[PDB]
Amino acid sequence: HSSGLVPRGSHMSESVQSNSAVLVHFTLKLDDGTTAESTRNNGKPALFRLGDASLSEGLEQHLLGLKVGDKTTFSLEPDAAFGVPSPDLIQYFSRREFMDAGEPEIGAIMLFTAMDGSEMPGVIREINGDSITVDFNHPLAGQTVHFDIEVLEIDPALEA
């Protein structure tokens, strides 16, 4: 063998792979310095799963190769992060469709049920009589995002 290939010592991956589940701490900040999301704020670490389109490819590319205990800080522009916002994700509802959901209020985040029963938040953008405008774009669409990520564990095992 001429590869530099080495049998892996550990029972689990030693560095993040294309399909790893990764327990992390993270902070995600916007250009103005505000914190959009933090594991501190959530109260607990997050599970980042590579290889199933739950993460952007740009985030995945910065996680690949990291080992437990590694910290990385980096920024992503929208095309590598949460994309730019699309006018197609602005949608129109009748006020009566909110009959059981709560009064629409400008700027509120409301939850909506999709056809397959998964839930999606939407932000109330306009209220004009019977017509309610809702924006379903990702909340961080269009933003440059600043990540600070620390790898806690790779492929955590089920507990007995």
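Start at 1 with the first residue shown and count on from there.
Looking at 63-71 and 101-109 together, the entry lists the larger mean B-factor for 101-109, computed on C-alpha atoms. Note on 87-95 vs 42-50: mean CA B-factor is higher in 87-95. Among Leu55, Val123, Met115, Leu28, the highest C-alpha B-factor recorded in the PDB entry belongs to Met115. The entry lists a Cα temperature factor for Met12 that places it in the highest third of the chain's modelled residues.
Placement of the Cα temperature factor of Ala157 within the chain: middle third of the modelled residues, per the deposited record. In the PDB entry, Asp32 places in the highest third of its chain by CA B-factor.
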